[PDB]
Structure formats: C-alpha cells, structure tokens
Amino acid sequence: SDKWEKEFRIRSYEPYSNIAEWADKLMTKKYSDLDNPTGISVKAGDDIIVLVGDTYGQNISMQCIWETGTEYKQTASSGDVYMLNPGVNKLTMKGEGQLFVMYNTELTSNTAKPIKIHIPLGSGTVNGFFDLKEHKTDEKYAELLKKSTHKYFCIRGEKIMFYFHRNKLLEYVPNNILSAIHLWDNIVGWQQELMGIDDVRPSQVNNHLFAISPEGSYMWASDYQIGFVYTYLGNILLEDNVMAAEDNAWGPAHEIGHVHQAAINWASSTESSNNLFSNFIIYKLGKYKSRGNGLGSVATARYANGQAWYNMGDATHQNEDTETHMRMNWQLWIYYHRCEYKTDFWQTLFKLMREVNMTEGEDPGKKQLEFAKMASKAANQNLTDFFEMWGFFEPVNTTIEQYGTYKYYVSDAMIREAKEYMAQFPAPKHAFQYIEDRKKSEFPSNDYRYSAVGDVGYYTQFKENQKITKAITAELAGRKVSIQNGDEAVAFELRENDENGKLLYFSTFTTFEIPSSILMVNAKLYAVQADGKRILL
C-alpha cells in the first residue's frame, strides 16, 4: 500500500504561468493557479514536513485550500499560504483542506524546471488525485477514487480540472472519468481555439480552468474558478446526461464563455457575446442545431420598434434580449467559418480586439464601434450593411444596467468616423446579414425555431453563391406581402427610394405582414441575391 502513498508523497511539480499577467494580456477572467494539487489532505494543527529539492532560484509555496461562504459552503479559491525553501520545511496547518504547490513563474526561462518535493510518511493523509496524462485509465481512476477519503477529490485534465464532492463522484461516475474529462477538456480547448491564443499556449500560458461544486447556486463563472452546484453534477459527469438534451451542454459552455468574452464584449452584450462560444460548442458536439431567435426578431426590434443594438428587444434597458443578440457574432462565424470565406476570421478578430484593449464597461458606445471596425479589418471587407442592420449606427445617449451601471453614448460623429474607416475596405462579396444555419424542415412545429427561421437565406445559398434565375414576383394585399418564385433569394427588403435608400423593413419569409408603424410612402420592394444584387419587385 506504500506504492500508492509514494505516487503522491514524492512528486516532481511542474511550473505553471502567472494568472494575473495572462488575464491582462488575453483579456479573460483569471484562470486557476490551483494547477498543482499534492493529493494530500490535512487537519487543523497537523505538523507537516516538506522536503524541497533544488528550486533553481524560484520562489514556491504551499497553500491549504478548504471552504468559504456564509449562506452555504463551497471550495474557496485561496487559503492559508506557507513559504517553502530548498531543504527542510516544517509546517503547522492553521486549518484543514487539501495541499496545493504554488509554483508560478515565467515558463520560457531555462530555470523553469520541475521541482521535486517530498512530503514524508506520517505528514497529513494521502487522499490522492487523478491526472489524465500520467494515470491514463478509468481503472486507475476508480482505484484512486475509492482509496480517497476526503470531502473532495481532484481530477486534473489537460485544460480543465474538477474539484468535486467525493460522494457525488461515487453516486454518478464511480468507475468512469475519461469520457467526462475528455469532453470538458474539448470544450475549453474549443473556446480557446476561436480566440486565436494557440501561439502562446502551452508554451507561455498553461493554467487550467478549475471547476468546483458549490452546495448552493446553480452555475457560474468567475476569476479563479467556475461552479456547478453539487446537486446538478449528474448532468456534468455523464456525457450521456450532457448529450441527452439540447440545453445540457449549453449552460456550462456559456459559463466558460464568460471567462473568455472580454475582448469582444461590451455592456449590453454580456449575456450574449459569450454565446458565440456556446453555439460553437453545440456545433462541435454535432447533435443539435443552433440556438437563438430568427432574423424576424431583428426586423421587429429595429424597424417595427425603432431600437438600436443596446436596447434590442429591451425597452427597459435593464436585462438583455440574449436570444436575438446572440445571432450577430454567430452570423459572422456561419459565413466566414462554416461557408469558409475566411476560416480564421474569429481568431483574427479576437487578436485585433485584444490590441484595441478596451474593458467591457469603460466606454460601451465607442466599443461597439471599435468592434464593427475591427470586424471589417478582420474580414478585409466593409461590413457597414451588416452592422447597420444590427443597429450599430443609431445614436444613443443614456445609461444602462448590466453587472454595474454604464454610460452608453454613440454620437453622429462617432457613427460618421466608423463608417469612413470601414469604407476603406472593399465591398463584401455577400449580403450575409441574412444568413441562417437552420431551415424550417429540421424542426418540429412545436419548436420555437420552426416558425422563427424563415424560408430563405440558408447558408448553402451563400456558400454556393446561388443566383436568382426565376420569374420572381410579389403581390401586396393590405399589409400582407407574398413572394412568388423567390426561393433563390436570401431576403426581401423595403427600402426608402431606390436600392441604396435606407432600409425600412426586411423579411426572410416569402409571406409576411408589414407592421403598421412602417412608413410605406415612396417605399419599394427588392429581393436580395446572395451576393448583394438587389432586384426590384
């Protein structure tokens, strides 16, 4: 049984990067610095011997992690810290918890080597912990789990760690962790993929995300740790519980989205900008279709109701219409990525937005415009029409509430400069503001998407540059428009005078009611071809 004790009591601990630093450079919430569990539990007053080999001039320490919270209990993100020096260290635990070695430094340095640390028999208790790359098997996992005896058992993957209640692991996955750990690692790695931060990971930044099980709340993300309530873990740990319903994979991936949204996020978007990641994950898991409202929601909000981006579907200015907003980033991915007109668009755009380096709340009005401009630069196309449709070029002077209160100010002159800046790029090859990745026939009639996604503008029409080749007509009966032979178009527009007058309404349905509030006088109807050609009707 000592071969088990020595797996954990004698170990070479690798260096991990500094979290504060990389949070700044990559514009994320802070990852965890609890990358190096010992696998050793302790109790208050315990005398602990730690023998540290050569440290190469590094400063390392030991931290006891336990629990925090008044309302209920959860795993804390920091704890009692004890300094370590090369040689002999005798520590007296101020409290219970598990031990973690804090070895955080610059990774490119030739002195960033593993440090051997020996916690000799009789010092605390060996709980154990499972690492994916070194223990490799469900079988070893079960063994370690059973031998474990502490309230929490740590599981370390490549990109994420779990730090969950022992008995919940026993109750749900008492014998199999590989599926779970491979899946959550994939999510994190996918979100990280879109951000274009592969150049610096794992060579300069290598910290994990660290998932705890609070005895309260539902699910969330913050600096240092992300949380999934312990009564819910069954939908975390069993990939069949994750893959069984649409919304099981989402809510978590949305939570890891919060960690990564800052570069491209501004207040008014905080609960939608992260669902670029959410929808990317769903796409990658390969079973369900995309989430969000149809473009009819945009038209209604923008035009029947005069709203701009910041208050779309939201006259109050307090809580966000996430189901409408989330389609905006996603359309950019559908076109540039799924239709392959630029397969590293998002990676490029994230890089640019990190260079812009604006916080989410410092100036949301200007940030919205910086994002339209950087998206134009990222595509190397002038995306003025996309961003007009989405309500980026409407004046705003007010204040909003979303995790704080913020001044939202967009002026005519700000609007003017963004457009001129974006003008310097060539015209877009397609009017992909009308793109969808969903068609009606994929959904049952009780699904909200069946009625919401419209009839035209499916992504293949943009990917195969479909032309309009048919006897396309239109009949107006009261407020009801009906299009004949328009199934090759991508949308239908009411413009102000000619095909270059401002947009007054649009639809991706071939039959639709115009709302009363639209002003019809001198207004014309055009069918939009995938590539931007408008055609009078």
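Numbering starts at 1 and runs along the sequence shown.
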_Stretch exceeding the other in mean C-alpha B-factor - 279-287, 134-142_ = 134-142
*Entry-level comparison of average CA B-factors, 367-375 and 425-433, reporting the higher stretch*: 425-433
*Top residue by Cα temperature factor, when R438, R416, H258, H325 are compared in the entry*: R416
*Per the coordinate record, which of the options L34, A491, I468, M27 holds the highest CA temperature factor?*
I468
*asked:* Is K73 in the lowest, middle or highest third of its chain when residues are ranked by C-alpha B-factor?
replied: highest
_Third of the chain's Cα B-factor distribution that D198 belongs to, per the entry_ = highest
_Is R449 in the lowest, middle or highest third of its chain when residues are ranked by C-alpha B-factor?_
lowest
*If you rank every modelled residue in this chain by C-alpha B factor, which third holds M102: lowest, middle or highest?*
lowest
*asked:* Quick check on the deposited entry: does the C-alpha B-factor of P174 sit in the lowest, middle or highest third of its chain?
replied: highest
